[PDB]
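The residues making up each chain are set out below.
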Amino acid sequence: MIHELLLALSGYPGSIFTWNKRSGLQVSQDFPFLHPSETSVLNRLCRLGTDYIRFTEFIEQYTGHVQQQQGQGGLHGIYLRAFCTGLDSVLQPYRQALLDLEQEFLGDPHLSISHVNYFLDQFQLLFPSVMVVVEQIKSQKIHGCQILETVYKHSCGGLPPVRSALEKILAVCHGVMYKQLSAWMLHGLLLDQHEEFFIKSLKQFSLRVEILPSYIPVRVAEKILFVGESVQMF
Amino acid sequence: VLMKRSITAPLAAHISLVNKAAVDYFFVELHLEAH
Amino acid sequence: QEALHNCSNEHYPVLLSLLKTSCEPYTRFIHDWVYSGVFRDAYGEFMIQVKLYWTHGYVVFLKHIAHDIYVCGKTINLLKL
């Protein structure tokens, strides 16, 4: 029950915790010697591991499955890979927490459940809030720079750990758009295809009002377009 | 950055020298301008 | 092409180190026929090869200069006479 919980929560299911796609992890719930006091805590702790398995399986599925280059950006694209890359870096303290729990349990295997619940209570809020942000991206098949607004509207939140955590991912998605941006304004040639950033004189290009993020005004995108076209000319 | 243009600049500098040394070798020796 | 495809990831240095050593024999080839007028190739897998002297055979990369090298080697091979 002690090590078993950690092994399941890390993503290695057994039969005490029958992994399902609809109950997630759920304890066997049929012991003729189980206690109702521990039961609620078991059901409460299962949720974190369920979210963790869904997160890592999504990241594995959609990062590094190609050599980078479909036409949809709900499953493909550099911005999508950058999203999962930021999400993995946010997940590191959960791993750290589980790794501390094994050491304390090796030191003393008679520790109570409330101690463990007490330590995981900070992740207990953080996983459900961030779940809907990736759930909207997958469900609506969000493409291109519309991703960057989606996390930004949820980083107006009133929870400081959630606020900083989503800010990490938005900075990670910022790096790659900046990486193309550094090239196109100095040359006029982009290495990205099928992901649009209001660039399709406007020779072979088009300025889109739709895809442009909220805090980047149209004047600023005009200035970017002007410098890129002008360097491409001479 | 990805480019091989920091390799091309010492080579295109030599292609022109090769061509000009060929055309002078034509002119002052084999007398094509006289032809 | 896989270089320009991925530059904004953590797989940037692995591909860079692989292309940097995989492009050395080609750069070795172009460094000879321009400066010494002697061509070299492995298996004839590079297409470019080599009186009135222009009756010689010929059969991404920066193709702006590739065809220029093809005449730039033949003139050295003429001036070596």
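Residues numbered from 1 in each chain as written, not as in the entry; some residues may be left out. Chains lettered and ligands numbered in written order. Part of a larger assembly, values for the part shown. Heavy atoms only, no water.

Per the deposited record, the coordinates in this entry were obtained by cryo-EM to a resolution of 7.6 Å.

The PDB entry annotates chain C as Gamma-tubulin complex component 6 originating from Homo sapiens. Anyone opening this PDB entry will find it titled "Structure of recombinant human gamma-Tubulin Ring Complex 8-spoked assembly intermediate (spokes 7-14)".

The name given to chain A in the PDB entry is Gamma-tubulin complex component 4, with Homo sapiens as the source organism.

A. Region of the structure containing the overall build of chain A. What chain A contains, in helices and strands, is eight helices and two strands. Written out in order from the N terminus, the α and β elements of chain A read α-β-β-α-α-α-α-α-α-α. The C-alpha atoms of chain A give a radius of gyration of 23 Å, which is well past the 17 Å a tight globule of 234 residues would have. The principal-axis extents of the C-alpha atoms in chain A amount to approximately 80 × 30 × 30 Å. (Helix = DSSP H or I, 4+ residues; strand = E, 2+ residues; numbered from the N terminus. Rg over C-alpha atoms; globule rule 2.2 N^0.38 Å.)

B. Here's a closer look at the overall build of chain C. Broken down by element type, chain C carries four helices and zero strands. Order of helices (α) and strands (β) in chain C, N terminus to C terminus: α-α-α-α. Compactness check: chain C gives a C-alpha radius of gyration of 16 Å against a globular reference of 12 Å for 81 residues, more than 25% above the reference. If you line up chain C on its principal axes, its C-alpha atoms span 55 × 20 × 20 Å. Counting the 81 residues in chain C, one finds 26% classified as buried. Surface accessibility of chain C: about 5,700 Å² in total, with carbon and sulfur atoms responsible for 61%. (Buried < 20%, exposed > 50% of the residue type's maximum accessible area, 1.4 Å probe, protein only. Areas by Shrake-Rupley, 256 points an atom, 1.4 Å probe, with all protein chains shown as cover.)

C. The arrangement of the nonpolar core in detail. Counting 61 residues, the largest nonpolar core has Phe55, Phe83 and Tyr94 of chain A as the members making the most contacts within it. For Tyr94 of chain A, the residues in contact, after removing those within four places along its chain, are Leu9, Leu48, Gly49, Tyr52, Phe123 and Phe127 of chain A. (Core = buried A, V, L, I, M, F, W, Y, C linked by side-chain atoms within 4.5 Å. Contact = heavy atoms within 4.5 Å.)

D. Summary view of a nonpolar patch on the surface. A contiguous nonpolar surface patch, about 540 Å² in accessible area, is contributed by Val23, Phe26, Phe27, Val28, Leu30 and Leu32 of chain B. Here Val28 of chain B lies in helix α1 (residues 5–30). (Patch = residues over 30% accessible without salt bridge, like charges linked within 9 Å, V, L, I, M, F, W, Y side chains within 5 Å. Salt bridge = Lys/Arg side-chain N within 4 Å of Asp/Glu carboxyl O.)

E. Up close: the environment of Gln70 of chain A. Residues and elements named next belong to chain A. By the element assignment, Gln70 lies in the loop between α2 (36–62) and α3 (78–90). Note on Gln70: relative accessible area 73%, which makes it exposed. When the C-alpha atoms of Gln70 and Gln124 are compared, they prove to be 36 Å apart, with 54 residues separating the residues in sequence. Look past the residues within four positions of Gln70 in its chain and what remains in contact with it is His76 and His194.

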